[PDB]
Amino acid sequence: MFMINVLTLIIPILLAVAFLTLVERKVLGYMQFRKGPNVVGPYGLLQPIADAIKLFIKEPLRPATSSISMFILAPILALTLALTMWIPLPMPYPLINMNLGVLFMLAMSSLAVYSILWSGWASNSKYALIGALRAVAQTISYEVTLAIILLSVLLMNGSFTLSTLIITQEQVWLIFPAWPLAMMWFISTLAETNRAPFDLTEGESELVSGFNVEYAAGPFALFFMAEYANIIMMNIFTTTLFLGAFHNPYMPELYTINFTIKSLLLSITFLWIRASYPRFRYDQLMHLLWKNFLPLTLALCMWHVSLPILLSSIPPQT
Amino acid sequence: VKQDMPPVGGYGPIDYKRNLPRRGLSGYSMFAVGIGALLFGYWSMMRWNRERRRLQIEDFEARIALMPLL
Ligand SMILES: CCCCCCCCCCCCCCCCCC(=O)OC[C@H](COP(=O)([O-])OCC[N+](C)(C)C)OC(=O)CCCCCCCCCCCCCCCCC
């Protein structure tokens, strides 16, 4: 019975990833004064099916100079970590109701970097090494500020449980008292997933393709669905953190519709940002978070740890 | 004869200058809006957190009443 629950969790997110490829292509085309795919089917509904069937009947092309074991393990680890880290999200009831879901998602987001790193190192190429080291630089740029942002915004919730975050935002949204943390969190989620303007790993300008330049079709699709499932999970995580919707225990479909449309708007905002900005340099991103975001994050952390004591508004931990 | 020529009065005006309309508010307005939003959020959070503390105290004293039988 739990098998039914986990398969009904993991199949619609793959379908969502494919239709996210469709929506990304069509919306990005329409923002560039042109049209997206509409010839494959009725309004292009069959383009992701054609892409998926095409990519799984092509040659795998395992290189000779690459360590084959890590070359196979890295996309498997990427897709796996993209799968078993959707679980603690309350929709409105999570599949796994972890007591420490926030730290779990932090740890498994730290673990997903190793797939990119071992993909870059395993395939014996210089561009893959450059992409892997740029991923390392991006991780050391963003991780500490991301964790302090989460700690400062969880001081009003009471605990690390993601299920109690709806109860915290039952009266008002959490973006009203923590909007600078919300903006910094949005930039951190943009830089976490290597999305534009902080791509810097699959750079088609400075490099050819980066870490996945030696990965032909079949294994290359795994990184694509891992990245797109990652951006959907960041959108849902940001929606739960800062845009908590009204929850009725008798009608969970209201909360499901509400956070579904909010996460869709957040993904639309992601693609809106993608089409409009030039790519950051990966040394400028390093000085962005470590010099501008970090002092403000420390000041806001001290403000948010001295605020509930000041106002007799310390939230319960139960 | 018939050739491609401009008319007697010439053509209309053609622009060649940079046009940036400078749309938006001053810094004081947006900073005051942000401060007001922060104050409203802080007040709502203080009220809801006090209510949640009272509810937690009620649940704890319910457990206190239920303890000896268990
Ligand atoms: C989740 C909700 C929605 C969030 C926003 C999402 C939609 C909008 C997205 C916009 C596009 C973003 C694209 C990526 C941009 C990347 C660059 C970037 O972000 O750079 C950050 C830039 C960095 O600046 P920089 O890169 O220009 O560096 C300047 C460097 N020097 C100075 C040396 C030249 O700005 C910040 O770091 C600001 C962070 C947020 C600040 C919030 C302040 C709130 C108010 C505080 C109080 C102020 C009053 C005074 C005190 C009063 C006390 C009572």
# chains A, B, ... in the order shown; residues from 1 in each chain; ligands from 1
>>> interface_residues(of="chain B", to="chain A", cutoff="7 Å", atoms="only C-alpha atoms", output="PyMOL selection string")
chain B and resi 37-38+41-42+44+46+48-50+52-53+56
>>> write_last_selection(atoms="C-alpha atoms", output="mmCIF file, in the first residue's frame")
data_model
loop_
_atom_site.group_PDB
_atom_site.id
_atom_site.type_symbol
_atom_site.label_atom_id
_atom_site.label_comp_id
_atom_site.auth_asym_id
_atom_site.auth_seq_id
_atom_site.Cartn_x
_atom_site.Cartn_y
_atom_site.Cartn_z
ATOM 1 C CA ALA B 37 4.995 45.600 5.960
ATOM 2 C CA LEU B 38 7.575 44.464 8.530
ATOM 3 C CA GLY B 41 3.951 41.080 9.997
ATOM 4 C CA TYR B 42 5.558 41.465 13.426
ATOM 5 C CA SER B 44 0.345 39.520 13.429
ATOM 6 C CA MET B 46 3.087 38.322 18.019
ATOM 7 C CA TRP B 48 -0.659 34.311 16.698
ATOM 8 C CA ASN B 49 2.388 33.189 18.699
ATOM 9 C CA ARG B 50 0.794 34.230 22.000
ATOM 10 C CA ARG B 52 -0.265 29.249 20.099
ATOM 11 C CA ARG B 53 1.580 29.400 23.437
ATOM 12 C CA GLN B 56 0.283 24.520 23.958
#
>>> residues_near_ligand(ligand="ligand 1", cutoff="10 Å", atoms="only C-alpha atoms and all ligand atoms", output="compact mmCIF listing (two decimals) with N, CA and C atoms, in the first residue's frame")
# COMPACT_ATOMS: atom_id res chain seq x y z
N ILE A 175 5.96 35.98 4.36
CA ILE A 175 6.73 36.93 3.56
C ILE A 175 6.56 38.35 4.07
N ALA A 178 9.32 38.77 6.92
CA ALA A 178 10.65 38.30 6.55
C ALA A 178 10.88 38.43 5.05
N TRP A 179 10.50 39.56 4.47
CA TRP A 179 10.73 39.74 3.04
C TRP A 179 12.19 39.94 2.60
N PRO A 180 13.11 40.55 3.38
CA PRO A 180 14.51 40.52 2.93
C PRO A 180 15.09 39.12 2.94
N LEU A 181 14.74 38.32 3.95
CA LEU A 181 15.11 36.91 3.95
C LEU A 181 14.45 36.17 2.80
N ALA A 182 13.24 36.58 2.41
CA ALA A 182 12.58 35.95 1.27
C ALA A 182 13.32 36.24 -0.03
N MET A 183 13.74 37.49 -0.24
CA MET A 183 14.49 37.83 -1.45
C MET A 183 15.83 37.11 -1.49
N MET A 184 16.54 37.10 -0.36
CA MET A 184 17.83 36.43 -0.29
C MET A 184 17.68 34.92 -0.46
N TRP A 185 16.58 34.35 0.05
CA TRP A 185 16.30 32.93 -0.15
C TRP A 185 16.00 32.63 -1.60
N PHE A 186 15.28 33.52 -2.28
CA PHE A 186 14.99 33.31 -3.70
C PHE A 186 16.27 33.32 -4.53
N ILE A 187 17.17 34.26 -4.24
CA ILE A 187 18.45 34.28 -4.95
C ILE A 187 19.28 33.05 -4.60
N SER A 188 19.20 32.58 -3.35
CA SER A 188 19.93 31.38 -2.96
C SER A 188 19.39 30.14 -3.66
N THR A 189 18.07 30.05 -3.84
CA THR A 189 17.50 28.92 -4.58
C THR A 189 17.83 29.01 -6.06
N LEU A 190 17.93 30.23 -6.60
CA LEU A 190 18.38 30.38 -7.98
C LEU A 190 19.81 29.89 -8.15
N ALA A 191 20.69 30.26 -7.21
CA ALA A 191 22.09 29.87 -7.32
C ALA A 191 22.35 28.43 -6.89
N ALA A 196 19.86 30.01 -14.27
CA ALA A 196 20.27 31.34 -14.71
C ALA A 196 19.74 32.40 -13.75
N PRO A 197 20.50 33.48 -13.50
CA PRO A 197 21.78 33.87 -14.11
C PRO A 197 23.02 33.27 -13.45
N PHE A 198 22.85 32.20 -12.67
CA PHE A 198 23.96 31.53 -12.01
C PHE A 198 24.11 30.10 -12.52
N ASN A 235 10.79 25.44 -5.80
CA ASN A 235 9.61 26.29 -5.86
C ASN A 235 8.58 25.90 -4.79
N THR A 238 9.95 26.95 -1.33
CA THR A 238 9.79 28.38 -1.10
C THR A 238 8.33 28.74 -0.85
N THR A 239 7.40 28.09 -1.57
CA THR A 239 5.98 28.32 -1.33
C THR A 239 5.57 27.91 0.08
N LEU A 241 7.61 27.73 2.67
CA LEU A 241 8.32 28.55 3.64
C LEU A 241 7.68 29.92 3.79
N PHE A 242 7.37 30.58 2.67
CA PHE A 242 7.02 32.00 2.71
C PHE A 242 5.60 32.32 2.28
N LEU A 243 4.86 31.37 1.71
CA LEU A 243 3.53 31.64 1.16
C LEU A 243 2.54 30.58 1.62
N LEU A 266 5.67 30.45 -9.13
CA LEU A 266 7.09 30.55 -8.80
C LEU A 266 7.98 30.00 -9.91
N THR A 269 8.05 32.49 -12.60
CA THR A 269 8.99 33.55 -12.23
C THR A 269 10.43 33.12 -12.45
N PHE A 270 10.74 31.84 -12.21
CA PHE A 270 12.07 31.31 -12.52
C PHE A 270 12.40 31.45 -14.00
N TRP A 272 10.94 33.46 -16.06
CA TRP A 272 10.94 34.89 -16.30
C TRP A 272 12.32 35.49 -16.03
N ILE A 273 12.95 35.05 -14.94
CA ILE A 273 14.29 35.50 -14.60
C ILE A 273 15.30 34.96 -15.61
N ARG A 274 15.09 33.72 -16.07
CA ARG A 274 16.06 33.06 -16.94
C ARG A 274 16.24 33.79 -18.27
N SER A 276 15.87 36.96 -19.06
CA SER A 276 16.08 38.40 -19.03
C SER A 276 17.44 38.84 -18.51
N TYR A 277 18.29 37.92 -18.05
CA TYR A 277 19.51 38.36 -17.39
C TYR A 277 20.75 37.73 -17.99
N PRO A 278 21.84 38.48 -18.08
CA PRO A 278 23.12 37.89 -18.49
C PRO A 278 23.71 37.02 -17.39
N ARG A 279 24.61 36.13 -17.80
CA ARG A 279 25.21 35.16 -16.89
C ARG A 279 26.23 35.84 -15.99
N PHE A 280 26.16 35.54 -14.69
CA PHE A 280 27.17 36.00 -13.75
C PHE A 280 28.50 35.30 -14.00
N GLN A 284 32.34 36.58 -9.45
CA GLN A 284 31.44 37.62 -8.98
C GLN A 284 30.31 37.05 -8.14
N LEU A 285 29.85 35.84 -8.46
CA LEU A 285 28.88 35.17 -7.60
C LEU A 285 29.50 34.83 -6.25
N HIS A 287 31.81 36.60 -4.68
CA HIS A 287 31.83 37.84 -3.92
C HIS A 287 30.44 38.43 -3.73
N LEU A 288 29.42 37.86 -4.35
CA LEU A 288 28.06 38.34 -4.14
C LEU A 288 27.51 37.88 -2.81
N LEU A 289 27.55 36.57 -2.56
CA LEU A 289 26.99 36.02 -1.33
C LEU A 289 27.89 36.25 -0.13
N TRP A 290 29.20 36.24 -0.32
CA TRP A 290 30.13 36.34 0.80
C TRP A 290 30.36 37.77 1.28
N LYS A 291 29.93 38.78 0.52
CA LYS A 291 30.15 40.16 0.90
C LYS A 291 28.88 40.98 1.06
N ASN A 292 27.85 40.70 0.26
CA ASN A 292 26.60 41.45 0.33
C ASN A 292 25.52 40.69 1.11
N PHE A 293 25.33 39.41 0.81
CA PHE A 293 24.28 38.64 1.45
C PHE A 293 24.64 38.26 2.88
N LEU A 294 25.89 37.86 3.12
CA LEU A 294 26.27 37.31 4.42
C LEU A 294 26.18 38.32 5.57
N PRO A 295 26.69 39.57 5.47
CA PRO A 295 26.51 40.49 6.62
C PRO A 295 25.07 40.81 6.93
N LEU A 296 24.24 40.99 5.90
CA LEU A 296 22.82 41.23 6.12
C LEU A 296 22.14 40.01 6.71
N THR A 297 22.57 38.81 6.32
CA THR A 297 22.02 37.59 6.90
C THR A 297 22.36 37.47 8.37
N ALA A 299 23.05 40.03 10.42
CA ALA A 299 22.29 41.06 11.11
C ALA A 299 20.83 40.67 11.27
N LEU A 300 20.23 40.08 10.23
CA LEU A 300 18.85 39.65 10.32
C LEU A 300 18.69 38.44 11.24
N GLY B 27 13.08 56.63 -3.07
CA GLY B 27 13.56 55.65 -2.11
C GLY B 27 12.83 55.67 -0.79
N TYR B 28 12.41 56.86 -0.35
CA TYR B 28 11.69 56.99 0.91
C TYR B 28 10.38 56.23 0.88
N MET B 30 9.47 53.48 -0.99
CA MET B 30 9.62 52.03 -0.94
C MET B 30 10.18 51.57 0.40
N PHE B 31 11.09 52.35 0.99
CA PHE B 31 11.60 51.99 2.31
C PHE B 31 10.51 52.07 3.37
N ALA B 32 9.65 53.09 3.30
CA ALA B 32 8.54 53.19 4.25
C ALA B 32 7.53 52.06 4.05
N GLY B 34 8.26 49.02 2.95
CA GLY B 34 8.88 47.84 3.53
C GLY B 34 8.83 47.83 5.05
N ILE B 35 9.07 48.99 5.67
CA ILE B 35 9.02 49.08 7.13
C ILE B 35 7.60 48.83 7.64
N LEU B 38 6.89 45.14 7.43
CA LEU B 38 7.57 44.46 8.53
C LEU B 38 6.82 44.63 9.84
>>> select_by_dssp(residues="segment 38-97 of chain A", states="alpha helix (DSSP H)", output="JSON, numbers by chain")
{"A": [47, 48, 49, 50, 51, 52, 53, 54, 55, 68, 69, 70, 71, 72, 73, 74, 75, 76, 77, 78, 79, 80, 81, 82, 83]}
>>> write_last_selection(atoms="C-alpha atoms", output="PDB file, in the first residue's frame")
ATOM      1  CA  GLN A  47       6.892  17.130 -27.790  1.00  0.00           C
ATOM      2  CA  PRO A  48       8.139  15.767 -24.393  1.00  0.00           C
ATOM      3  CA  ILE A  49       7.053  12.255 -25.424  1.00  0.00           C
ATOM      4  CA  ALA A  50       9.035  12.584 -28.662  1.00  0.00           C
ATOM      5  CA  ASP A  51      12.070  13.907 -26.773  1.00  0.00           C
ATOM      6  CA  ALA A  52      11.910  11.108 -24.186  1.00  0.00           C
ATOM      7  CA  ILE A  53      11.493   8.294 -26.726  1.00  0.00           C
ATOM      8  CA  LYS A  54      14.231   9.800 -28.915  1.00  0.00           C
ATOM      9  CA  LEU A  55      16.743  10.060 -26.059  1.00  0.00           C
ATOM     10  CA  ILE A  68      33.123   3.685 -15.964  1.00  0.00           C
ATOM     11  CA  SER A  69      31.918   2.902 -12.424  1.00  0.00           C
ATOM     12  CA  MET A  70      31.709   6.530 -11.285  1.00  0.00           C
ATOM     13  CA  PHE A  71      30.483   7.509 -14.770  1.00  0.00           C
ATOM     14  CA  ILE A  72      27.455   5.263 -14.217  1.00  0.00           C
ATOM     15  CA  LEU A  73      27.031   5.944 -10.484  1.00  0.00           C
ATOM     16  CA  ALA A  74      26.859   9.747 -10.778  1.00  0.00           C
ATOM     17  CA  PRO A  75      23.617  10.160 -12.830  1.00  0.00           C
ATOM     18  CA  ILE A  76      22.018   7.343 -10.819  1.00  0.00           C
ATOM     19  CA  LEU A  77      22.884   9.204  -7.619  1.00  0.00           C
ATOM     20  CA  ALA A  78      21.586  12.460  -9.133  1.00  0.00           C
ATOM     21  CA  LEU A  79      18.198  11.006 -10.098  1.00  0.00           C
ATOM     22  CA  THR A  80      17.917   9.075  -6.820  1.00  0.00           C
ATOM     23  CA  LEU A  81      18.619  12.147  -4.674  1.00  0.00           C
ATOM     24  CA  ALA A  82      16.181  14.140  -6.805  1.00  0.00           C
ATOM     25  CA  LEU A  83      13.589  11.445  -6.037  1.00  0.00           C
TER      26      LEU A  83
END
>>> atom_distance(atom1="atom CA of residue 107 of chain A", atom2="atom CA of residue 228 of chain A")
19.1 Å
>>> closest_residue(among="A:129, A:261, A:309, A:301", to="residue 245 of chain A", atoms="only C-alpha atoms")
A:261
>>> residues_around(residues="residue 9 of chain A", least_positions_apart="4", cutoff="10 Å", atoms="only C-alpha atoms", output="ChimeraX atom specification")
/A:3-5,13-14,83,86-87,95
>>> write_last_selection(atoms="N, CA and C atoms", output="PDB file, in the first residue's frame")
ATOM      1  N   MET A   3       3.741   1.163  -1.321  1.00  0.00           N
ATOM      2  CA  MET A   3       4.257   1.121  -2.685  1.00  0.00           C
ATOM      3  C   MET A   3       3.389   1.948  -3.624  1.00  0.00           C
ATOM      4  N   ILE A   4       2.067   1.870  -3.451  1.00  0.00           N
ATOM      5  CA  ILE A   4       1.145   2.671  -4.253  1.00  0.00           C
ATOM      6  C   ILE A   4       1.370   4.153  -3.997  1.00  0.00           C
ATOM      7  N   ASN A   5       1.558   4.526  -2.728  1.00  0.00           N
ATOM      8  CA  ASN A   5       1.786   5.924  -2.378  1.00  0.00           C
ATOM      9  C   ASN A   5       3.089   6.446  -2.972  1.00  0.00           C
ATOM     10  N   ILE A  13       5.657  13.388 -10.766  1.00  0.00           N
ATOM     11  CA  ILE A  13       6.717  14.388 -10.830  1.00  0.00           C
ATOM     12  C   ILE A  13       7.576  14.197 -12.076  1.00  0.00           C
ATOM     13  N   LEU A  14       7.697  12.968 -12.588  1.00  0.00           N
ATOM     14  CA  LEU A  14       8.368  12.776 -13.872  1.00  0.00           C
ATOM     15  C   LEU A  14       7.542  13.358 -15.011  1.00  0.00           C
ATOM     16  N   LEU A  83      14.833  12.147  -6.336  1.00  0.00           N
ATOM     17  CA  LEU A  83      13.589  11.445  -6.037  1.00  0.00           C
ATOM     18  C   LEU A  83      13.276  11.372  -4.540  1.00  0.00           C
ATOM     19  N   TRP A  86      12.003  14.775  -2.454  1.00  0.00           N
ATOM     20  CA  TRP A  86      10.644  15.295  -2.533  1.00  0.00           C
ATOM     21  C   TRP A  86       9.766  14.837  -1.375  1.00  0.00           C
ATOM     22  N   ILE A  87      10.179  13.797  -0.640  1.00  0.00           N
ATOM     23  CA  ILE A  87       9.274  13.157   0.325  1.00  0.00           C
ATOM     24  C   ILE A  87       8.816  14.046   1.484  1.00  0.00           C
ATOM     25  N   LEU A  95       4.453  12.545   2.620  1.00  0.00           N
ATOM     26  CA  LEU A  95       4.591  11.093   2.577  1.00  0.00           C
ATOM     27  C   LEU A  95       5.396  10.588   3.767  1.00  0.00           C
TER      28      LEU A  95
END
